[PDB]
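Report on the following structure.
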Amino acid sequence: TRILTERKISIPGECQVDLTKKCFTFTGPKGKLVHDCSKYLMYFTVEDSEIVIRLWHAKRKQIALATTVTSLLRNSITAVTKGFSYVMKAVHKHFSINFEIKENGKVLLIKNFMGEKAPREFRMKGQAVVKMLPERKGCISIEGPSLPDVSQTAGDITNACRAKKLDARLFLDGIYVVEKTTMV
Amino acid sequence: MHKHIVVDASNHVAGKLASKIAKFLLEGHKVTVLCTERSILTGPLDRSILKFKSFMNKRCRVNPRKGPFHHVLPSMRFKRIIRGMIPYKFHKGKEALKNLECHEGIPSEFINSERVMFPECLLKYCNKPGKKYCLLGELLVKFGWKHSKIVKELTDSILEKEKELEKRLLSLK
Amino acid sequence: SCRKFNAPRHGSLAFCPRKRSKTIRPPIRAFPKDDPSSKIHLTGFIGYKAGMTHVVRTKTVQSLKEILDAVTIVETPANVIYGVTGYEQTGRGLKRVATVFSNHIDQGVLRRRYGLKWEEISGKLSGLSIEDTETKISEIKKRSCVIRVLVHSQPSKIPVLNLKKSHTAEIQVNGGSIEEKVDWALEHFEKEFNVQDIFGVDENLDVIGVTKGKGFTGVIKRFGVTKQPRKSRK
Amino acid sequence: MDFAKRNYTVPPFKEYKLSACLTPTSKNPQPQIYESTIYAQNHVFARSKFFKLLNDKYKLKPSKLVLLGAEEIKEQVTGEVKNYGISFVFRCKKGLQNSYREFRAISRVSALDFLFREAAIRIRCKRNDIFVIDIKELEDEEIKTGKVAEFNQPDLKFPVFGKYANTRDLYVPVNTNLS
Amino acid sequence: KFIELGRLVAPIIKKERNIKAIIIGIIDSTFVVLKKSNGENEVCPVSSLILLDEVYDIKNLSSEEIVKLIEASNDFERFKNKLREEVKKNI
RNA sequence: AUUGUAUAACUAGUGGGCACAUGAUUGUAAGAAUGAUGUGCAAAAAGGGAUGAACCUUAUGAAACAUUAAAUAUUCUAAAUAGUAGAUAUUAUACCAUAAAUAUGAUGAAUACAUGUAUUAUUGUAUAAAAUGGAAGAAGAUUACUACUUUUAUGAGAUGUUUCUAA
RNA sequence: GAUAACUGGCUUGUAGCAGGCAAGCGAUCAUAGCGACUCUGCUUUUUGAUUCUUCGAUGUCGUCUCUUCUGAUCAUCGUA
Ligand SMILES: [Mg+2]
Ligand SMILES: [Mg+2]
Ligand SMILES: [Mg+2]
Ligand SMILES: [Mg+2]
Ligand SMILES: [Mg+2]
Ligand SMILES: [Mg+2]
Ligand SMILES: [Mg+2]
Ligand SMILES: [Mg+2]
Ligand SMILES: [Mg+2]
Ligand SMILES: [Mg+2]
Ligand SMILES: [Mg+2]
Ligand SMILES: [Mg+2]
Ligand SMILES: [Mg+2]
Ligand SMILES: [Mg+2]
Ligand SMILES: [Mg+2]
Ligand SMILES: [Mg+2]
C-alpha cells in the first residue's frame, strides 16, 4: 500500500475530449462516445493534452483497479479516431451456409446450418454494422466505432452456432474469428 | 410547540431514518415523508433479493386470507418499517400512527414547502466510503411494481426548475 | 404415513370462492391494445340469446367431406351513443377527467338511473349550460389518453322480453389520434350503429355472460367426488 | 484531551524503576540487590509483575521478599516525532512467540500504546499478555520496514477526504453545506 | 488544501471553535501532532479537525515564537439594535 | 472472639427427596443407575438472564430522599448512533438449547532462503439434507457484527439520612 | 402412573444415507467407471436401552375416501 499512485494518458490532436464532473465526452471524426466515471472513488484532472489519474492511500485491491480503468478509457480514445474490424470466417464439412443481410446491417440471417430448416437471426449491438466481403468469399467484417459492442457481438455468433448433443471433437462446424484489426 | 415537518427521504439509509422518526412521533409532532422510492439499502443487490424472497414465503396454511400480507408500493412498504418500532397495539401507539403520512415522489401540494434532512442518517457521514449499495424502488420493480417510470419523469422536472429613516428614528425616538 | 396411490385433485382452485355475481350485466375488465395507424372503430356490442340449430359444411383435404356443426343465434337490434368520458395517467394510475352527456336522453336510461318514481325525479332536474360543456371538452382533449363512450340498448323492440329498462355500457374507442377521437364521437350523438359495422365473417370473439342457476347442491355435483361403498352407514 | 476523545499523549501505562532484595536472616544477613524497569499503571501492579520475574530466573519466593523503592520516570518532551523499534514476546493459544515491530511516535510511553492498538487486531490478546523486552530510539539506515521509510522523507503533502458533519443538531434544512 | 507543517487547524463543529493550533509533525496517515495555545503537545487524529487556509514557516523557530503566531452586551443594548433594523423593513 | 456457662423434666413432626460446582464406578450413550465434599430448592422476597423450582447480585415491620452491585445505553425501553481497526458469510446467546476428519485463499504480520519459494500466528469460504408459514426476543443493522482501553449516565426488602409500630 | 402393554420426550448399540487417504482392477494408465486394510459424520424412517406425563379410561392392526408438505429426483426441462 503505497502513498501516491499516478497514471498518465496522452491524447492525440484530432480526438477532442471535454469533461464535466465525473463524466467524459469524446468527439472525433468517426463517431461519438460518452463515458460515466462517477462510480469510482478517484480523482480526475485534465491537463494540457493529457489525462492524469491520482489515488491516495489505497490497498492492493484498489491499486489493480487503477490500471483497468486506465486501459478502458485508453481504448475509447483510439476507438473514436479509428474504428475496429473483426473478421469471422465460417468453416463447413459436407454442408453449405448462406449469409443474408437485412435492414442495412442490423440483422444477420444464417440458413442451412448442418441441413436444418429453421433459420437463425442475430441482432446487432449499439453503434455497429455488418458487411459482406466478395473478395475472400467466406467471411464478413463487423465494423463499429466502439470496441465493447463489436467484441460482444462476435462472441454471440460463435457460442450460438456450435453443435450440441453430438461429439464436438469430430464434427467441427461453426463460425470462427480470424483477425482483429482497426478500420484504418 | 409541536411542529409540522416535511422530510426529503433521498440519500438516506432506510432503517436508520425510520429509527429517528419513531421517537419524533412519540413526543406528539406531525411529520410527512416525500420521495420514499429513493432511499438506500446497503449491501449487494444479490443478498437483498434473497432477504425479500424469504418474506414472500410466509403465508397462513389453513386460510390464506387471514394471513401475513405483502405490500408492494414503496409508500406502503415504508410504513411497515416504522410500525415495528412503535407499540401499535395499545392506545399509546394508536395515537402516534395517526400523525404519519408518506407519499410516492413529490405530489402537487408540496412544491413550495421546504424540506429537511438528518445528518445522522446520510450515507456520506454514516458509514465507511467505497462499498456497494442499491436503491429501494429499484428493488421493487422485480417484485411487481407496475409504475416506476412515470414517477421518475414528473419529479425530475420539479427538481430541475428549483436548481426617511433618520426622521422616523428621531420622531419615534 | 404417506398416501398409497397418486391421483389428481377434484375441482379448480382458480374459482374458489364460489359466490353469486352482484349484477346481471358484468363490466369488461380488459380491452385490446390500440394502434395509432389504423382507423377509428368500436370494440363491443350488446345482445340477447335466442336459440340453437345446426348447419352442415364442406372441407377439402384430394376429396371433400361433410361435417355437421351446431350453431347458436343472438338477436341484436341497434345501439345508440349518448356520452363521452376520458381518463388520464397519474402516478397512482388511471383517473377520470370529465363526463359530457347529450341533450335529449331517452326514458329508458331514466328508468335505469331512477328505479321507481322516475317521472318525479327526472322532471325536477335540469341540464348544463353552454359554458360548462365548452370547458369540459377542452380539458378532455389536453389531459386524456384513453377515451370511452357510453352506449345504451333498445329492448322495447322485442316484446317477448317484457323489458323497458335498457342496459348501459362503456366501450373503448381505438383509433388514430386523441383529438380526432373526440371529434368523431361528438358527431355520433343520438345516432345508431348496427352489428355489421364492427364484426365481419371469420373473426373470433369473446362472450361475457351469467350461467344458469341450480340452487343448493351436494358435494358430488359440485366437485366430482367418488361415492362410498354400499355397505356404509350414515 | 481537548480535540481527541481519548488521551493519546499520556496513556495509562507508565514507566517505573524497581528494586528489591530478600529479608535478612541469621544464616544470611545483607543479601544481594536487584534492579529493573517494568511498564504498568501503578506501582502495585508493577510490584506484582516484577516479583514473578524474580521467581523464574532465581528460586526466590515472593512471600520472603521486601520492596526497597520504586520511582517514576518522566521525559521532558520537545515535540519532534522520532522512530522506535520494539521487540517483545507475546502469549497466544498455542504457545509463546517473539516478534519485532517498528513505529513512529513522540515518546516511548506513547510508542508503546501504538503497539497495543495494532495488537488488538493482528494478535487479539489482553494487554497483560505482552512482555516488552526493550524500547530503543532508531537512527537512520536501520529502518527495516518501508512504512517508516515512506513517511521519513521530507516535504510531505496529501489531502484529506471530507466525511464529517459540522453541526450537532437533529435536523437542518436542505442545501446547508456540511463542510 | 493539504496536510503540511504549519497548517492552521480548528475544531470540527461550527460552534465551539474559538481556539486554533498548528501542526508540528506527521505521525501516520491519520494522526498528527499539534501545538496548543498553552504550550502542551497533543496527539490527535485527523477526524476531529478542519483545515484553515493559512500556512506559516516554522523550520527555524523556538518554542515560544510559534505561540506568538497563534494569537459584552446587556439587555438594554440589545433593545436598540433590534429597533434599528425594525424600521428598515417597515419602509 | 464470646457476658454468661452448665444441668435436668415433658413432648410433636419426619424416615418416597431433587439440582448446581469439583472429582469418580458400570454402561456405546442418555434429562440413565449408584457413592464422596460444599451450598441450595423443598420451606426464599425484589433486580437481571425475552420466557424457566435450582444460574448471577443479595437478609428480611410501614414509608420518603441520595449512592451502588448484577446487567445494559438506534427504537419498542429509563440511560453518549461518545473512539481506533478488521470482517462479505442474511455474520450476532456464560449455564443454553450442536458441528468433525479434510481441501484451499487473504494480510502494507514474523523468521529462513533465492520480486518470489518454505514454515509460524491471526482469520474467511466449502464440507453442511426434511416434513403447517419463521425466529439474533423483534423491527431491522455493514459505524446496531468482532477484538482491545479510558470517561459519563440509568438501574435491587442492598447500603446510608429522618418519622412511626412490635419483649 | 411409587410399576408393565400404546403415543410423546433425551440417546443411536442396531437401521438408513453420505464423506476423507489411496494398495490394486481396467490391453500400458490409481482417480472414464470401481476400489481392499483403516478413519470422520448426519437423520429419526426399523429394532433396542430408561421409566419424566396419563390406571375416578386419550377407543388397537390392515383397508376404503380425501387434502397438504420434504429432498436424499423415477420420468419430463437446461448444462458438463
Ligand atoms: Mg455431452
Ligand atoms: Mg361436467
Ligand atoms: Mg353397518
Ligand atoms: Mg413435601
Ligand atoms: Mg426471582
Ligand atoms: Mg435466553
Ligand atoms: Mg430513551
Ligand atoms: Mg443516578
Ligand atoms: Mg436493609
Ligand atoms: Mg433500601
Ligand atoms: Mg412414573
Ligand atoms: Mg394414539
Ligand atoms: Mg451403522
Ligand atoms: Mg378422543
Ligand atoms: Mg373418552
Ligand atoms: Mg438437490
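Identifiers in this document derive from the order of the C-alpha cells: chains are assigned A, B, ..., residues are numbered from 1 separately in each chain, and ligands are numbered from 1 in order of occurrence.
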For the contact check between chain D and chain B, emit one row per residue of chain D within 7 Å, containing the shortest atom pair and the distance in Å rounded to one decimal, counting only C-alpha atoms, chain then rising number order, as a Markdown table.
```
| residue | atom | partner | partner_atom | distance |
| --- | --- | --- | --- | --- |
| D:163 | CA | B:125 | CA | 5.4 |
| D:164 | CA | B:125 | CA | 5.8 |
| D:165 | CA | B:125 | CA | 6.8 |
| D:170 | CA | B:118 | CA | 6.6 |
| D:171 | CA | B:118 | CA | 5.1 |
| D:172 | CA | B:116 | CA | 5.8 |
| D:173 | CA | B:116 | CA | 4.3 |
| D:174 | CA | B:116 | CA | 5.1 |
```
Would you output that residue set with N, CA and C atoms, as a compact mmCIF listing (two decimals), in the first residue's frame?
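Ended up saving to part-v4.txt:
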```
# COMPACT_ATOMS: atom_id res chain seq x y z
N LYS D 163 -15.56 13.70 5.34
CA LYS D 163 -16.77 12.94 5.61
C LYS D 163 -17.35 13.16 7.00
N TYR D 164 -17.18 14.34 7.60
CA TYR D 164 -17.68 14.56 8.95
C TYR D 164 -18.54 15.81 9.02
N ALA D 165 -19.66 15.72 9.73
CA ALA D 165 -20.61 16.82 9.79
C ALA D 165 -20.19 17.84 10.83
N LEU D 170 -30.36 18.08 15.39
CA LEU D 170 -31.18 16.97 14.95
C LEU D 170 -31.50 17.09 13.47
N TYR D 171 -32.01 18.24 13.03
CA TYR D 171 -32.28 18.41 11.62
C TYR D 171 -31.88 19.80 11.18
N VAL D 172 -31.40 19.89 9.94
CA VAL D 172 -31.06 21.15 9.30
C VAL D 172 -31.90 21.23 8.03
N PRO D 173 -32.11 22.40 7.44
CA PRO D 173 -32.77 22.46 6.14
C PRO D 173 -31.89 21.90 5.03
N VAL D 174 -32.54 21.48 3.95
CA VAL D 174 -31.82 21.03 2.77
C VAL D 174 -31.14 22.24 2.13
```
Practice item. Using only C-alpha atoms (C1' of nucleotides) and all ligand atoms, find each residue with an atom at most 9 Å away from ligand 12 and format the answer as a PyMOL selection string. Key: chain G and resi 6-7+58
Exercise for review: Would you kindly return, as a PyMOL selection string, each protein, DNA or RNA residue with an atom no farther than 9 Å from any atom of residue 17 in chain D, considering only C-alpha atoms (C1' of nucleotides) and excluding same-chain residues fewer than 2 positions away?
Suggested key: chain D and resi 15+19+35-39+69-73
Point to revise | Residue hits in chain A, query chain E, radius 12 Å, only C-alpha atoms, as a PyMOL selection string | key: chain A and resi 1-4+56-58
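Applying a distance limit of 10 Å to only C-alpha atoms, the residues of chain E near chain B read residues 83, 84, 87, 88, 90 and 91 of chain E.
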Produce a table with one row for each residue of chain B that has an atom at most 10 Å from any atom of chain C, each row naming the nearest atom pair and its distance in Å at one decimal; use only C-alpha atoms; arrange rows by chain and rising residue number; format as a Markdown table.
```
| residue | atom | partner | partner_atom | distance |
| --- | --- | --- | --- | --- |
| B:73 | CA | C:92 | CA | 9.9 |
| B:104 | CA | C:91 | CA | 7.8 |
| B:105 | CA | C:91 | CA | 8.7 |
| B:106 | CA | C:91 | CA | 9.9 |
| B:107 | CA | C:91 | CA | 8.9 |
| B:146 | CA | C:93 | CA | 9.3 |
| B:147 | CA | C:91 | CA | 7.3 |
| B:148 | CA | C:91 | CA | 8.7 |
| B:149 | CA | C:91 | CA | 9.1 |
| B:150 | CA | C:91 | CA | 6.3 |
| B:151 | CA | C:91 | CA | 5.9 |
| B:152 | CA | C:91 | CA | 9.7 |
| B:154 | CA | C:91 | CA | 8.8 |
```
Could those residues be written to a file, using N, CA and C atoms, as a short mmCIF file (atom, residue, chain, number, x, y, z; two decimals), in the first residue's frame?
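Everything below was put into part.cif:
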```
data_model
loop_
_atom_site.label_atom_id
_atom_site.label_comp_id
_atom_site.auth_asym_id
_atom_site.auth_seq_id
_atom_site.Cartn_x
_atom_site.Cartn_y
_atom_site.Cartn_z
N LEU B 73 -46.03 -1.32 -2.87
CA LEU B 73 -45.73 0.08 -3.14
C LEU B 73 -44.69 0.61 -2.16
N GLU B 104 -45.44 8.96 -2.72
CA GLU B 104 -44.62 8.48 -3.82
C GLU B 104 -44.10 9.67 -4.61
N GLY B 105 -42.79 9.89 -4.55
CA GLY B 105 -42.22 11.01 -5.28
C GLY B 105 -42.56 12.33 -4.63
N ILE B 106 -42.96 13.30 -5.45
CA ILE B 106 -43.36 14.62 -4.98
C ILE B 106 -44.73 14.93 -5.56
N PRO B 107 -45.79 14.95 -4.76
CA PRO B 107 -47.10 15.37 -5.28
C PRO B 107 -47.18 16.87 -5.48
N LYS B 146 -46.01 -1.74 -10.69
CA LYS B 146 -46.48 -1.58 -12.06
C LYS B 146 -45.97 -0.29 -12.70
N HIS B 147 -45.64 0.71 -11.89
CA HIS B 147 -45.34 2.04 -12.40
C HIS B 147 -44.15 2.66 -11.67
N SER B 148 -42.96 2.44 -12.22
CA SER B 148 -41.75 3.11 -11.78
C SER B 148 -41.23 4.13 -12.77
N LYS B 149 -41.91 4.32 -13.89
CA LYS B 149 -41.36 5.13 -14.97
C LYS B 149 -41.96 6.53 -14.98
N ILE B 150 -43.23 6.66 -14.62
CA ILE B 150 -43.89 7.96 -14.70
C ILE B 150 -43.48 8.83 -13.53
N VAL B 151 -43.19 8.21 -12.38
CA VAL B 151 -42.80 8.95 -11.19
C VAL B 151 -41.42 9.57 -11.38
N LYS B 152 -40.57 8.92 -12.17
CA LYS B 152 -39.22 9.44 -12.40
C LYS B 152 -39.25 10.69 -13.27
N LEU B 154 -41.85 12.97 -13.64
CA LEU B 154 -42.55 14.13 -13.09
C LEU B 154 -41.76 14.78 -11.97
#
```
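With only C-alpha atoms (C1' of nucleotides) and all ligand atoms as the atoms that count, the set of residues no farther than 7 Å from ligand 6 is residues 49, 50 and 93 of chain F.
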Exercise for review: Write out as a PyMOL selection string all residues of range 113-217 of chain C that backbone DSSP assigns to alpha helix (DSSP H).
Suggested key: chain C and resi 113+118-124+130-143+178-187
Point to revise | Exercise: residue 166 in chain D partners within 12 Å, only C-alpha atoms (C1' of nucleotides), chain neighbours under 4 positions left out, as a PyMOL selection string | key: (chain B and resi 119-120+125) or (chain D and resi 162+172+176-179) or (chain E and resi 10-17+47-50)
Exercise for review: Return as a VMD selection string the full set of residues in range 1-177 of chain D whose backbone-based DSSP assignment is strand (DSSP E).
Suggested key: chain D and resid 14 to 22 33 to 40 65 to 67 71 to 72 82 to 91 96 to 105 130 to 137 172 to 173
Practice item. Using only C-alpha atoms (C1' of nucleotides) and all ligand atoms, find each protein or nucleic acid residue lying at most 10 Å from ligand 4; present the set as JSON, numbers by chain. Key: {"F": [17, 42, 43]}
Let's have the selection written as a PDB file, in the first residue's frame, with N, CA, C and O atoms (P, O5', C5', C4', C3', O3' and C1' of nucleotides).
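Result file is part-v3.pdb:
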```pdb
ATOM      1  P     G F  17     -36.035 -42.011  48.779  1.00  0.00           P
ATOM      2  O5'   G F  17     -35.288 -40.857  47.985  1.00  0.00           O
ATOM      3  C5'   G F  17     -35.091 -39.585  48.579  1.00  0.00           C
ATOM      4  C4'   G F  17     -35.795 -38.504  47.805  1.00  0.00           C
ATOM      5  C3'   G F  17     -34.997 -37.814  46.716  1.00  0.00           C
ATOM      6  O3'   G F  17     -34.954 -38.560  45.511  1.00  0.00           O
ATOM      7  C1'   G F  17     -36.151 -36.209  48.003  1.00  0.00           C
ATOM      8  P     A F  42     -38.601 -23.240  47.576  1.00  0.00           P
ATOM      9  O5'   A F  42     -38.898 -24.738  48.015  1.00  0.00           O
ATOM     10  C5'   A F  42     -39.740 -25.583  47.247  1.00  0.00           C
ATOM     11  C4'   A F  42     -39.675 -27.001  47.749  1.00  0.00           C
ATOM     12  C3'   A F  42     -40.312 -27.245  49.101  1.00  0.00           C
ATOM     13  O3'   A F  42     -41.706 -27.454  49.005  1.00  0.00           O
ATOM     14  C1'   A F  42     -38.161 -28.205  49.066  1.00  0.00           C
ATOM     15  P     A F  43     -42.688 -26.842  50.109  1.00  0.00           P
ATOM     16  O5'   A F  43     -41.905 -25.568  50.654  1.00  0.00           O
ATOM     17  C5'   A F  43     -42.604 -24.379  50.998  1.00  0.00           C
ATOM     18  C4'   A F  43     -41.806 -23.482  51.911  1.00  0.00           C
ATOM     19  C3'   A F  43     -40.620 -22.766  51.275  1.00  0.00           C
ATOM     20  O3'   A F  43     -40.474 -21.491  51.896  1.00  0.00           O
ATOM     21  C1'   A F  43     -39.874 -24.028  53.092  1.00  0.00           C
TER      22        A F  43
END
```
Practice item. Return as a ChimeraX atom specification the residues belonging to chain E that are within 10 Å of chain D, counting only C-alpha atoms. Key: /E:1-5,10-15,24-36,40-51,63
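Across the model, the gap from CA of residue 42 in chain D to CA of residue 16 in chain D is 8.4 Å.
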Exercise for review: May I ask which of the residues A:45, A:62, A:92, A:5 is the closest one to chain B, counting only C-alpha atoms?
Suggested key: A:62
Practice item. Kindly work out which residues sit at most 12 Å from ligand 16, using only C-alpha atoms (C1' of nucleotides) and all ligand atoms, and give the list as a PyMOL selection string. Key: (chain F and resi 129) or (chain G and resi 70-73)
Saved selection, atoms kept: C-alpha atoms (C1' of nucleotides), as a PDB file, in the first residue's frame:
```
ATOM      1  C1'   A F 129     -30.053 -32.829   3.617  1.00  0.00           C
TER       2        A F 129
ATOM      3  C1'   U G  70     -39.867 -32.604   2.390  1.00  0.00           C
ATOM      4  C1'   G G  71     -35.419 -33.627  -0.851  1.00  0.00           C
ATOM      5  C1'   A G  72     -31.695 -37.882  -0.492  1.00  0.00           C
ATOM      6  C1'   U G  73     -35.297 -36.842  -8.399  1.00  0.00           C
TER       7        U G  73
END
```
